[PDB]
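Enquirer: show me how the following folds:
(chains A and B)
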Amino acid sequence: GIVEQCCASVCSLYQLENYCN
Amino acid sequence: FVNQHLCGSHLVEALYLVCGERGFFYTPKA
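Expert: Numbering: from 1, shown residues only, chains lettered A, B, ... in the order given. Below is the structure:
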């Protein structure tokens, strides 16, 4: 349950990998 | 009230400051 922690929507974990390893 | 959306995604994006270094290797933002 990490997606809800960031935002209720419009937020994916796949976004962190874009700039960091 | 100032109109500006802020969330974890915004915090997550802000990572480009420390991330996206790739050292001296330059590549399209992707």
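Enquirer: centre-most residue in chain A?
Expert: Compute the mean C-alpha point of chain A, and by Cα atoms, centre = their mean the closest residue is residue A:13, 2.8 Å away.
Enquirer: burial measure for the residue lying closest to it once chain neighbours are set aside, as a count.
Expert: Leaving aside its sequence neighbours, residue A:13 sits nearest to residue A:2 (Cβ to Cβ, 6 or more residues apart in numbering or on different chains; 6.1 Å). C-beta here means a position set from N, CA and C on the backbone, and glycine is covered the same way. Residue A:2 has 10 neighbours, counted by other Cβ atoms under 10 Å in any protein chain shown.
Enquirer: near chain A, which residues of chain B show up?
Expert: When proximity is defined as Cβ under 8 Å from any Cβ of the partner chain, chain B approaches chain A at B:7-9, B:11-13, B:15-16, B:19-20, B:30.
Enquirer: can you list those in TSV and add distance to residue B:1 and secondary structure?
Expert: Formatted as TSV, those follow (distance: Cβ to Cβ, whole Å; DSSP: H, G, I helix; E, B strand; the rest coil):
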residue	distance to residue B:1	secondary structure
B:7	16	coil
B:8	20	helix
B:9	20	helix
B:11	20	helix
B:12	24	helix
B:13	23	helix
B:15	27	helix
B:16	28	helix
B:19	32	coil
B:20	32	coil
B:30	35	coil
